[PDB]
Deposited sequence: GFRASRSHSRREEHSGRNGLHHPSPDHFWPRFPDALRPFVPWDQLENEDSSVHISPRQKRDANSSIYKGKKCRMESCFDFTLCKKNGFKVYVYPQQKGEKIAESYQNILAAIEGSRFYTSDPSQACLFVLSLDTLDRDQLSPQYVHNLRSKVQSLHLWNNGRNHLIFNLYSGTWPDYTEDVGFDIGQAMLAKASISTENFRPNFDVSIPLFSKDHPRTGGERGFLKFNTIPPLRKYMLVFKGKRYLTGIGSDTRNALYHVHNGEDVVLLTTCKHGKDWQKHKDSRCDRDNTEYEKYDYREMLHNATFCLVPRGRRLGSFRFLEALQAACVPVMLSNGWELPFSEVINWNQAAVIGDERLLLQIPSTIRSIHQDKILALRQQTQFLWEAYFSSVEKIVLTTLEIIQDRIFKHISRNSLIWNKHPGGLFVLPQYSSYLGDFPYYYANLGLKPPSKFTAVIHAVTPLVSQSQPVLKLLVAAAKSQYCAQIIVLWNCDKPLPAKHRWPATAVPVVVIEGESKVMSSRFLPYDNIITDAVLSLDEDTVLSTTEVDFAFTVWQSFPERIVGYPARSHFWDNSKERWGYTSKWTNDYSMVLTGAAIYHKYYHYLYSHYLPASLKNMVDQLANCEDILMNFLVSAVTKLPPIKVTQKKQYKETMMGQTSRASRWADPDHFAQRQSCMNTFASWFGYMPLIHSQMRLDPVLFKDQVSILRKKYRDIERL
């Protein structure tokens, strides 16, 4: 352990599992000194951390630490560089050689020979640097994170771009690029040889040497033609009309083009040799991207053409899923890094290689509930198991209930009935044996055959909520606020949990994923629990709920507005069908 206490730290040597106990893994954020300049992206990161359930205020309870100093940019010439950081980090009382400290970094190195120069001595602290070389990466200690701009959304999402999965997935162009080329320095070798493979019909590549003083000082015999060619095609049009997108190395291994390529759904073809792709040890990038070697730059287009059409479809879809699940917002990146760190504490309680690389993703799949894939509703088709044939009825009570209880018990799929006597309806219970939970209100009349039909419909769609009472949502232009519809419309986006069926895992997700503030507001207002439940289901599944057949109101709008503010977008999708028995 003491021998490998350097750049060779791993979690069995430069980490302390004792502080993480069993129900722990808390993250402590150092308080602000109120005397330092900090970039906006670092406020975004700490807002993500403190908004998460991993946040805590007591350093002793936490077994993970994150500094309050702006360490994202370590370039000396950058405006956001912080001076005298080496001596400043040693003045912290809780540093403890960075035993349980997580450092976020996006840039490192100066103009000559950009390297792993974080400035201050990290010591035992793992670093979540963006552009990490393969030889400089700790296999199971550090985390490779995406490089994002200051304009990257904090909590919301851009919902991708690919609205149509047209067949064939090929588009007007095949392999495109529009970026700066560098006359002198390090990292322009892959960029200066793109004209060798430029075609103009499918492989269209664009470069410019316009990067400051060297615009006309040391220009080669090709800047004139390059600049003339550069001023025709839009970057948001050629990126959105391309099957494949290049992400080559510039000054640094990473680039902003990667996230934009996942945004535009075009399959990235990385040329940055030896780059730990974001969450490479956790996410399979052979499934969402084409990894190419810059040494064989000339032979790339033949390999791109040789890729089969079905492979292109799969890569495009996986790229969209990865962007929309992990790279959409800074909050998603921060929580992904935190959960990746958490998965390495208990090796028997963590996510497998299939959860991360499949819907809905690791952020919505908590292994603390169970590490068994069949304990989740998302993986029945990937494995060979049918959905469970039995369901558990959960009834919350504050007579019709006497007749209601008998009707629900007569169902052939009913295993047991749980009656709740007093937002406590959503907590997990060890008494529930079945994986399907039927939440039934005391005032909702629900017939036995109706229960059976609802359960059979849920058996075909285990990931969703199958329920009878459905409510819709709308947008108000007068007040710029989201609205709640309780009237019969030819559209709907939410189903109430009063007479609905959903998987048992949603209880654990509600209890241990949503933060305390939303549930506290629900308790104080004494409503809005089912709306947030539907919000969580629509966020995890990205699908509308399924409806089957055969003063208080003003609080719902505020509930929806604050839930939208926390989520950052609409998990809700409007739905317009109604499944009925044949």
Original post:
Where does the model have holes with respect to the deposited sequence?
Top reply: 1 to 63, 462 to 468, 493 to 520, 649 to 669, 702 to 720
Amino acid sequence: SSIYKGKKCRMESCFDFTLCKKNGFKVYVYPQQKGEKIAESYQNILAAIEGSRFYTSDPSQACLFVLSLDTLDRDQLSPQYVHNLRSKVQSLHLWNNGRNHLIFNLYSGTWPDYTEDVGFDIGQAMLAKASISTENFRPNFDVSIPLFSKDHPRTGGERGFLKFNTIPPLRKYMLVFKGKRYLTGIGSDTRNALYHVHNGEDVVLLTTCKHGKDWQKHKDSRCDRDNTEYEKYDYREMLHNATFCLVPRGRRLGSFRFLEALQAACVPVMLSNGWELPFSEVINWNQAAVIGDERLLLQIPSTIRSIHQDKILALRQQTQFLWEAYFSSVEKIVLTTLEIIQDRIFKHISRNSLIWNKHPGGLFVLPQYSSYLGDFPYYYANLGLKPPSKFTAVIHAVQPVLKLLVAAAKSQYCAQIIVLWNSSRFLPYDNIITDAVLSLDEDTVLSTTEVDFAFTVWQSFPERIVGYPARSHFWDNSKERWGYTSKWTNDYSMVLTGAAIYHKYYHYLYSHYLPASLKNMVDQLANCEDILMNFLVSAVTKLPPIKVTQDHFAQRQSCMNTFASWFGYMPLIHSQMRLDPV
From here on, numbers count along this sequence of modelled residues.
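If you superpose the two forms and keep the largest set of C-alpha atoms that fall within 1.5 Å, you have the rigid core.
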Original post:
With the rigid core as the fit anchor, does 345 to 353 or 407 to 415 show bigger C-alpha shifts in 5 other deposited structures of this protein?
Top reply: 407 to 415
Subject >> Between stretches 356 to 364 and 224 to 232, more displaced by Cα RMS in 5 other deposited structures of this protein (rigid core superposition) >> reply: 224 to 232
Subject >> Missing coords for residue 60 in a third or more of other PDB entries >> reply: no
Original post:
Relative to the other compared entries, is residue 337 without coordinates in a third or more of them?
Top reply: no
